[PDB]
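In: Structure, please.
(chains A, B, C, D, E, F, G, H, I, J and K, ligands or ions: 17)
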Amino acid sequence: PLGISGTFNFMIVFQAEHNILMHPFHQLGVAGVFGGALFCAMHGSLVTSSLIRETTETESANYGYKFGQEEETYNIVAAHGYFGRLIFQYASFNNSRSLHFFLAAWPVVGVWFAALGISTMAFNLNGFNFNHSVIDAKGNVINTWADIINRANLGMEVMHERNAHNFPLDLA
Amino acid sequence: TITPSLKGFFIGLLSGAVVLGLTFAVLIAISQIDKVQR
Amino acid sequence: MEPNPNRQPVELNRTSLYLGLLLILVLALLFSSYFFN
Amino acid sequence: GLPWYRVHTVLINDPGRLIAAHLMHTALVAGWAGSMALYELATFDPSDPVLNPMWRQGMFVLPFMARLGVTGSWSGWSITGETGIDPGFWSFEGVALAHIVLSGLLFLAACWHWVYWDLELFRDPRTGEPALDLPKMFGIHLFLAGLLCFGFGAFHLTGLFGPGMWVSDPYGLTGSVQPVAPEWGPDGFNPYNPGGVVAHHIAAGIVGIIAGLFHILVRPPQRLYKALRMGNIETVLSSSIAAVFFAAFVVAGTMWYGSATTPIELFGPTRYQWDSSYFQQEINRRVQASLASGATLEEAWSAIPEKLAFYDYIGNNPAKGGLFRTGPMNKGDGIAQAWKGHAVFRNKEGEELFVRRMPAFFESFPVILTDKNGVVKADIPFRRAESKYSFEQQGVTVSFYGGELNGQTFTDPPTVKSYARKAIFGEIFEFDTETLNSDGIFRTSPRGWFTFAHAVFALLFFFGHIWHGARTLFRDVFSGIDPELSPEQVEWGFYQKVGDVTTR
Amino acid sequence: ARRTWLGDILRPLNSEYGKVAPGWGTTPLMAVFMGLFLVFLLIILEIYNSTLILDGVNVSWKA
Amino acid sequence: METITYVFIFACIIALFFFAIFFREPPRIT
Amino acid sequence: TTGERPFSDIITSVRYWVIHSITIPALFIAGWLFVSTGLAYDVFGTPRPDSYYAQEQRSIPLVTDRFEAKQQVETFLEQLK
Amino acid sequence: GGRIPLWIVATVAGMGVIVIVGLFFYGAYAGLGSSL
Amino acid sequence: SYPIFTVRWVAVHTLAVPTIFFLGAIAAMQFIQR
Amino acid sequence: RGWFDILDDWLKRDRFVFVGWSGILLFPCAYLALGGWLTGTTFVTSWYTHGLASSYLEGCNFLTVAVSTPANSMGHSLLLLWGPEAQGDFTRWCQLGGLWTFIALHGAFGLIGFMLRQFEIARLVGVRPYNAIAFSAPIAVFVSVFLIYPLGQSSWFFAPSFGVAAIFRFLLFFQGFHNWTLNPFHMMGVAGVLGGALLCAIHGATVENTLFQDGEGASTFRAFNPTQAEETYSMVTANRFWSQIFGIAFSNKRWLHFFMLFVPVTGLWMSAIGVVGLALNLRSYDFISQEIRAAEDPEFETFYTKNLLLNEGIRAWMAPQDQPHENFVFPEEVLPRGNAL
Amino acid sequence: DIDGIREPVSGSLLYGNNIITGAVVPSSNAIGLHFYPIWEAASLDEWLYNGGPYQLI
Ligand code: CLA
Ligand code: CLA
Ligand code: CLA
Ligand code: CLA
Ligand code: CLA
Ligand SMILES: CCCCCCCCCCCCCCCC(=O)OC[C@H](COP(=O)(O)OC[C@@H](O)CO)OC(=O)CCCCCCCCCCCCCCC
Ligand SMILES: CC1=C(/C=C/C(C)=C/C=C/C(C)=C/C=C/C=C(C)/C=C/C=C(C)/C=C/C2=C(C)CCCC2(C)C)C(C)(C)CCC1
Ligand SMILES: CC1=C(/C=C/C(C)=C/C=C/C(C)=C/C=C/C=C(C)/C=C/C=C(C)/C=C/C2=C(C)CCCC2(C)C)C(C)(C)CCC1
Ligand SMILES: CCCCCCCS[C@@H]1O[C@H](CO)[C@@H](O)[C@H](O)[C@H]1O
Ligand SMILES: CCCCCCCS[C@@H]1O[C@H](CO)[C@@H](O)[C@H](O)[C@H]1O
Ligand SMILES: CCCCCCCS[C@@H]1O[C@H](CO)[C@@H](O)[C@H](O)[C@H]1O
Ligand SMILES: [Ca+2]
Ligand SMILES: [Ca+2]
Ligand SMILES: [Cl-]
Ligand SMILES: [Cl-]
Ligand SMILES: [Fe+2]
Ligand SMILES: [Mg+2]
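Out: Numbers count the residues shown, from 1 in each chain, chains lettered A, B, ... in the order given. Ligands and ions are numbered 1, 2, ... in the order given. The structure is reproduced below:
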């Protein structure tokens, strides 16, 4: 639906019908947007941390940069010097083109997988189903967290569009 | 009385003091043996 | 009488006005449903 | 010029205008307290401490006045339900007026300090530069805090020269303001023991006096002076914000779990008393004692105070509200009028059935009745076509003991179901929903609202601390890093010790 | 700067800006008070939490 | 009143877009 | 540039592989036997497949008493009999 | 020093990871966790 | 000439050593039948 | 130059993995949090606390393993190995959920160590400490969700369990019980996470697509030098491009990069505030006007009323297995269901 | 009528929604994947009932 609550409706019903959370393409999606946010904040904070002094304390440091200037406005070498020590040297980018390409690629690829998760659950190839996967020596079901998910999903399934189903299986 | 959980509290306290004590002893020792050149 | 040497002028540039009005208006559009309840 | 988010930095090197800004803030806060108390007095109904106490009415400052001994109005009532009391000057009204006058005086002092900012007192006698000697100011203020803390504990809380504090029995039935003697043994550390609050203030007070004298008399070590930047006022902002968030998480936790300083008659009961059926267990104890001593069932239940039954009702649990469900709890379920009595459900065979209570997590909950062993005996079905346990099939009845309905029995399924629906909330009450146009939906009490505001502000103050700590320790680079920063200083292994040129 | 009667009286209390004791001074004594305060907080936390349970110390409304 | 309020805030945001685009401070190489 | 030996030196040297062609398989085997001997179950208190329930029981052995929780677990274990 | 070529170490290490991961997938279909 | 036992060496083995032990344990588990 | 300064020297040596004074807090706490997770997910059950299998040893896979919260009857016990519950018994401590508070508490101290490390390194290298400042958002999330939330609830049982499927359960629980999608603090979180992912993608792509030709190679990464003075891409061309495509564009690189910190950091901090309300069940669950209308008018329906029906199904269907200490028994006939399903 | 069962769902502000509850509601399950432009409806009133704005949008 084109609307805020209707969006959540579409999500909850999608969960009931495809177990999207247990689908690896939605998992890559989450890694893409959580990681896009993480890298956005990381890049922001590293560039901000290494701005070259050009202003006084009574003015915004933003005035230190002029639109179209030729010289870079932060020191990449100090930024890398920082981040390579935070983790270890070889986990930090010293090539701005490489870094920026990574910033483009990580969210874009994850989001392509999110889109493909929706577009392939469209044909009912659904999330992993470990319902009753763990069984004891007698054959008793030993629930896991997958089975608890399953019970939440059942709640959604049995309640959604409460007057629309006449037959026992929801096949589309 | 020293209840059993007060004895447990002393035990946690001693264990923590030991871990931190031994950790600082070791790092001080190593720092002394392995000085930077100036 | 003697003026205070700590005085500074204050600035809000146009872009900041626009950014700020957008923040405020969007926050209001978001929270208004909850204020009406 | 300065960006909008820096306008107050003009005060950093102006001690007199900083004191003016502080005075103004203090005037605003004290004016708030005064106005808030007035608004509460203009809306508060003192006519029923039992079923309409302050915490059902959205009172937020009234319980703070009460906690420290302010319990009466000039108009003659008291929050414990007395009439014809003379509170003297220090009624809720005199406390509000004192705050408003204080606000006015502080506003005037601010004006003076703002105009007359350039006082010789604020200049370093060696350099002529504005300067505050913060380490010695700390000892002076700490000494003052210690004396005040001591005197509050030794005189006000003991009743030695003051009123004492609010105390009550374990079920919040007979609270009042009493003098409290310090507890000097290990039970002084029990959050529920009022004597420990007294001993705290006496003891921490003495410690603050002593530490204050130390901080007046002994200079900081060079090493700490430099490490904490003790010449920079912003260091004090950073650490004081840290102390304040610590204190705020603490008062949120003690509000939520309950202590001798968050009594249930002033703030409402806790969610945990519902979770563990704290009041239901006591009620059942009393009823069993009554029966053992030979009372009839009607008499045993009739002896339960309405005040006790009311704590055993989920409408008073602070974990049942909504962030945007605004106002007093009375706005939701209504103004409580009377206990209906204790409902006892029975099936056609005459066995006692027990309605399963709603846990706080649940906005809606089914109606399921079990026998004393937890076996299901009756419910309100959703699907009817294969129902086995309907009240119509099981001939469920309800009889009331105590309260308005004492001695009555209802056998008609709509009425029996109606009461079963209420029994999921615990004890059943009659409400006036008309006076406030109450909407039927649960709201939290001042215990919940206080905990929320303080946990949130505490968390936000953690950011304030990180931010000002950062500004303090990195003051040298806050406009940017050295434009002539050595690539050597950041290239690996150039220096043996990161960023130390003497290790090249 | 303006002198006043009260500023003259208080002048000594704000005249040692920057004044420090040599080296580490009382840092080690401070450290001991900090460690003792840490243990104090731990005790009161563990009592409230019921992780430390003491005779005669019933952490409950029924204290 | 509520609908008026929602539509009013929305219409302000649309106006704001117009000014932010066509009446922006122009970026200057300098 | 921080003083330690380059990894790619280390992991292409014959001596690295002489050491590690022992220690790696040794660790792996020791992990294997930690499970195959059943020791893992005993150290951690994890049920074996025949140890979740007594033959006829169908209620989970949920801990319900904070301070006697140790004894309750011990009691649940005894009842596997 | 540099006696074993890095491309060989990589290929063998990589094959080792594929084998162990493959075993874990085999195990999803057999014994505990297999639903059977 | 390089040292062998360095902080890096310790960091590496604190992780590598349990990882190999655990991978052998998890490999054995794949043969467990109910 | 006493032992303190000699230790300081050694802690601050420029080595492959920097240590610092912060390392003394960070390394042990992080190692134990991560090792405790790997140990529990590999070997440890949740049979006694949840009635679940949760380790590779019992047959779970990487998606379903977890270290699960302690039983609800533990309340908010620290659950210390030497505490009154486990009484020094490592086996019983595993069975009672001690690894949960172990991981959450070393994890919390380890995050403090990490942020101190960001401050300590920034200081040594001489940069401004904005990376540490930004890290306050992960800390506000960890603390609100793993500590404050369960502390406002009945016990640690209701904190998230450390596990992939377990965390998914925690999302679905918040929908069915807190209607957490409806909460404007969560909605601001979403906007700052998705907004931050948007900024990450669009800025990386813009720089990569406004590059100056600085080499002859068709693969353009080598045509950059860390020490070069000049911008590697054209701000002026980028600015024109977005001004003409979208209407506005950045013109100030310092502002651009500050905004990239601000947006996802601010989002996370907002979501944390909402979770602090949820600790108290102080939800945005309902619109009262909606309910009053729908109660009186059985033809009035919105997507808001539809999602509450879904929530009521989630709660009734999941509670008996998800909340085993309540001993819920809900007869078939009381379960909310629509037609057929 | 999103689900084609003659149970119309209100999406608009003037019909009782706020910004959070409001939506343009998907077209009718009776339509399915049939193309439903304005000129396939007998009237605007029919077009609205069946969720024609959703497809146009
Ligand atoms: C510690 C703060 C505090 C607390 C806990 C309370 C508690 C209470 N008050 Mg008091 N009050 C306060 C301060 C407080 N008050 C102040 C400062 C004033 C002057 C405004 C008042 C004036 C007042 C009146 C006039 C009344 C109360 C009443 C009440 C009760 C109902 C509260 C309610 O419905 O809240 C509802 C709370 C909310 C809806 C939450 C608001 C959340 C905001 C909007 C979030 C904003 C988000 C932000 C914009 C995001 C920025 C994002 C950006 C950074 C990117 C409750 C006991 C009522 C009562 O019953 O009186 C007897 C009553 O009538 N209060
Ligand atoms: C005692 C607490 C305290 C004090 C005295 C200060 C003082 C200062 N702060 Mg710090 N700060 C604090 C806590 C505090 N802060 C907390 C809790 C946070 C996190 C929320 C911050 C986050 C912070 C940042 C990110 C910055 C400061 C900055 C500043 C400086 C300039 C402030 C200014 O001009 O704003 C002017 C503010 C306005 C013109 C309007 C602000 C409107 C707010 C956002 C909404 C309305 C607030 C409402 C009136 C408050 C009610 C009170 C509340 C407690 C309920 C000043 C030294 C700035 C700085 O360092 O400059 C160099 C700066 O950039 N602060
Ligand atoms: C993410 C957490 C965090 C971070 C990164 C910082 C960072 C900062 N702190 Mg702040 N601080 C914090 C949390 C934090 N603090 C908390 C929770 C408090 C308590 C209220 C403080 C109180 C404080 C003060 C009073 C001051 C600082 C200052 C500083 C600055 C210098 C470094 C320092 O002093 O660290 C301090 C060290 C730590 C936070 C690590 C403490 C490690 C503890 C001791 C481990 C305890 C283990 C425990 C006992 C185990 C039992 C647990 C129990 C649950 C069972 C820097 C901006 C100083 C500054 O502003 O100078 C300008 C300053 O004056 N801090
Ligand atoms: C910096 C490293 C660090 C930190 C901050 C912590 C912090 C913590 N650990 Mg972890 N731990 C560590 C390293 C660390 N550990 C290491 C290296 C190991 C391997 C040995 C462990 C193994 C471990 C286990 C097995 C457990 C913990 C637990 C805990 C928690 C409670 C600790 C406590 O109560 O101590 C109390 C002690 C102190 C705070 C030390 C006080 C030092 C003072 C200042 C000096 C006073 C001592 C005095 C001289 C002694 C006199 C006693 C006398 C009266 C008898 C807390 C989160 C428990 C937990 O997680 O449970 C859920 C738990 O079961 N830790
Ligand atoms: C559009 C879809 C969408 C988006 C973008 C979000 C976005 C967000 N959601 Mg929401 N959610 C959604 C839909 C969505 N949600 C729906 C439909 C529901 C159903 C109601 C939820 C239910 C939900 C819950 C229940 C919660 C969120 C939370 C969040 C926030 C998580 C922030 C984060 O990264 O925490 C990740 C964790 C951290 C940042 C903590 C620190 C992590 C440290 C740094 C990890 C270090 C790891 C270490 C190095 C080693 C790892 C080893 C390895 C083996 C794993 C974020 C704002 C959370 C939130 O609000 O928290 C305040 C939260 O509790 N959501
Ligand atoms: C490097 C140029 C490419 C730029 C792309 C950057 C992408 C980032 C990818 C990161 C992951 C892969 C690493 C780089 C991969 C890379 O560039 O390869 C090369 C790199 C260095 O190889 P050498 O053979 O030169 O190693 C020796 C050096 O010390 C030089 O003497 O090898 C590694 O670092 C592998 C990781 C082992 C490290 C294990 C140590 C574990 C210690 C724990 C760390 C905790 C610290 C955090 C604080 C909490
Ligand atoms: C001058 C003078 C005087 C008078 C005075 C007066 C009359 C005063 C008053 C004062 C006052 C009367 C004050 C008040 C104040 C208030 C305040 C200060 C408030 C604030 C608020 C706030 C801050 C809020 C916030 C918020 C909101 C709004 C919403 C929700 C959220 C929150 C809570 C955040 C006299 C005669 C004495 C004499 C001397 C002179
Ligand atoms: C807890 C505790 C402790 C500690 C312990 C520890 C510290 C441990 C550690 C442990 C460890 C340290 C372990 C490890 C393990 C590991 C593993 C198990 C891994 C695996 C991996 C894998 C499986 C991989 C996969 C993959 C990925 C990830 C991606 C790429 C692709 C692939 C698929 C290959 C102590 C004693 C103190 C005390 C008590 C408690
Ligand atoms: C602002 C005008 C002040 C009006 C003063 C009325 C004096 S009233 C006076 O107040 C005392 C409080 O110390 C009471 O203890 C005492 O019983 C009472 O008579
Ligand atoms: C069908 C009504 C006859 C049974 C009495 C209903 C249960 S009790 C009833 O509950 C109402 C809230 O629903 C209160 O407002 C009212 O005061 C109270 O009388
Ligand atoms: C864990 C560090 C905190 C305690 C710091 C107090 C240092 S104490 C200090 O130690 C010096 C050597 O460093 C000695 O030369 C000196 O005599 C002594 O006073
Ligand atoms: Ca009405
Ligand atoms: Ca078998
Ligand atoms: Cl639906
Ligand atoms: Cl059908
Ligand atoms: Fe960039
Ligand atoms: Mg298997």
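In: State the phi and psi torsions of the residue nearest to the spatial centre of chain A.
Out: Among the residues of chain A, the one closest to the centroid is residue A:30, at 2.2 Å (Cα atoms, centre = their mean). Note on residue A:30: its backbone torsions stand at phi -60, psi -50 [degrees, to the nearest 10].
In: In contact with it, which residues?
Out: Counting by Cβ atoms under 8 Å, 6 or more residues apart in numbering or on different chains, residue A:30 touches A:110, A:114. (Each C-beta comes from the backbone N, C-alpha and C, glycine too.)
In: try it again with 10 Å
Out: The contact partners of residue A:30, taken as Cβ atoms under 10 Å, 6 or more residues apart in numbering or on different chains, are A:21, A:110, A:113, A:114, J:193.
In: With residue J:116 instead?
Out: Residue J:116 neighbours (Cβ under 10 Å, 6+ apart): J:20, J:21, J:22, J:23, J:24, J:25, J:26, J:132.
In: Quick check: the gap between the second one and residue A:85.
Out: It stands for residue J:21. 14 Å (Cβ to Cβ, to the nearest Å).
In: what's the helix or strand for the residue of the stretch 1-150 of chain D found nearest ligand 4?
Out: Residue nearest to ligand 4 within the stretch 1-150 of chain D: residue D:142 (23.0 Å; Cβ to the nearest ligand atom). In the assignment (DSSP states H and E), residue D:142 maps to helix D:134-151.
In: That helix and chain E, are they touching?
Out: Yes: for helix D:134-151, a contact with chain E is found by Cβ under 10 Å from any Cβ of the partner chain, at D:134, D:135, D:136, D:137, D:139, D:140.
In: could you say what helices and strands that helix packs with?
Out: helix D:194-217, helix D:233-257 (3 or more Cβ pairs under 10 Å, 6 or more residues apart in numbering or on different chains; DSSP states H and E).
In: redo that, cut-off 6 Å
Out: Applying 3 or more Cβ pairs under 6 Å, 6 or more residues apart in numbering or on different chains; DSSP states H and E, one finds that helix D:134-151 contacts helix D:194-217.
In: Check which helices and strands the helix it packs on is in contact with.
Out: Using 3+ Cβ pairs under 6 Å, 6+ apart, helix D:194-217 sits against helix D:134-151.
In: how close does the closest residue to ligand 5 within chain J get to ligand 7?
Out: Taking Cβ to the nearest ligand atom as the measure, chain J has residue J:189 as its residue closest to ligand 5, at 2.7 Å. As judged by Cβ to the nearest ligand atom, to the nearest Å, residue J:189 and ligand 7 stand 19 Å apart.
In: can you pull the contacts of that residue?
Out: Shown in contact with residue J:189 (Cβ atoms under 6 Å, 6 or more residues apart in numbering or on different chains): J:267, J:270, J:271.
In: Which one (most neighbours) among these?
Out: The member of the contacts of residue J:189 surrounded by the most neighbours (other Cβ atoms under 10 Å in any protein chain shown) is residue J:267, with 25 neighbours in all.
In: So that residue lies in a strand, does it not?
Out: No: assigned with DSSP: H, G, I helix; E, B strand; the rest coil, residue J:267 falls outside any strand and is helix.
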